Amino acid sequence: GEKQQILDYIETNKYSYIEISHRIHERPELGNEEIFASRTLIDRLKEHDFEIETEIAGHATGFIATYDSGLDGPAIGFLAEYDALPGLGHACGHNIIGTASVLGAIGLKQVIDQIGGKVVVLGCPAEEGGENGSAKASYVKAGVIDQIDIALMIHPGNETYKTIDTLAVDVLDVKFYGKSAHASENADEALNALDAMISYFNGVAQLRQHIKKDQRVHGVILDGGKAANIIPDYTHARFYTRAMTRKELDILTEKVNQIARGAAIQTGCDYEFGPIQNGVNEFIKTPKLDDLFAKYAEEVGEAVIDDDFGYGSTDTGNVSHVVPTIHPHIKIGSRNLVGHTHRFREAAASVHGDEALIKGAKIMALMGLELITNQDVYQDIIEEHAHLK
């Protein structure tokens, strides 16, 4: 009876949610600027009696949607994403993610009055990163994920597969501050912020010999001075660093901090060096929770492929350090589909992409059913995760 209601609702109303997906696809908004997308999803949740908190952990366009039955049972959380890319506009198919997670939440809410427990959608802006990007990183730090017990989600891809491993990433600004002087007449009175920057860059080049092969550090000079006749008192670069784990990355980023400090000391300058967004973490996978995903991926008619699909780089990792989380992919077209391409945006607004949205909503809604209904399958997952972390 319980599975019937959830599927019936999603199947008779599919076109309504598919429509929300194209409406968001047509209006690509970048991270922390996704006003249309968050409102549209908030409305559908409010239309089905969800209690809405907006503006979460410093993210104006984030939300927490909640429907609580008032009965003991797990709080099953669905991660909604809805940010596009600059120039490419939804070439990661984030129109599907937010709509799929909302449709699944609302699908499950249909029976939550009966099974017990709670349903929650977390609207998570800026997953692609940037200034105050990676909202889920902020949520973990703010304690927003103490509100859920399990974090569900699906991502569109070139195939259907279980959660991939993911990497830790920092996005960092480097700034040097000196003292300007006319370069021809009195450069001996200057403290050269550009010499600091060049020296920092020489140092980062040298570092690459001595970091692990899985690690990355790359960046650009955003402000290199403005007048050729005047010694710069300010320069500004932006950098990424990347490691397999947060523990490893914290060590790696401190090495780069020290290259900046050293450059500062060489040149008599002062400096700032720090994150422009809360750091992204590696995924801690719960295999029994992906088993559950595969099971319903198959029951819904997808071939879940076992293969190396590479490493990801997503703030959903951060949520997996707190609670059992998934970040699987649903096929939305050719196996030659590559994320962040024009052909991938086209794919996210196609009939296959529309089908994946509905299949994703069904899969998640039915996992939520089994986690609240079953206490042995739920406890297996919770105990597995807490052992792996």
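Note that residue numbering begins at 1 and tracks the sequence as displayed.
Looking at 1 to 9 and 380 to 388 together, the entry lists the larger mean B-factor for 1 to 9, computed on C-alpha atoms. On average the C-alpha atoms of 44 to 52 have higher B-factors than those of the other stretch, with 317 to 325 and 44 to 52 being the two compared. Note on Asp223, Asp308, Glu248, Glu131: the highest value goes to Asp308, judged by CA B factor as recorded. As recorded in the PDB entry, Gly73 shows the highest C-alpha B-factor of the residues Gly73, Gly274, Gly157, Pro232. In this PDB entry, the Cα temperature factor of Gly89 sits in the middle third of its chain's modelled residues.
Compared with the other modelled residues of the chain, the Cα B-factor recorded for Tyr296 ranks in the highest third. When the CA B factors of the chain's modelled residues are split into thirds, the value for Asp83 lands in the lowest one. Sorting the modelled residues of the chain by their CA temperature factor places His210 in the lowest third. Ranked within its chain, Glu282 lands in the middle third, by CA B factor from the PDB record.
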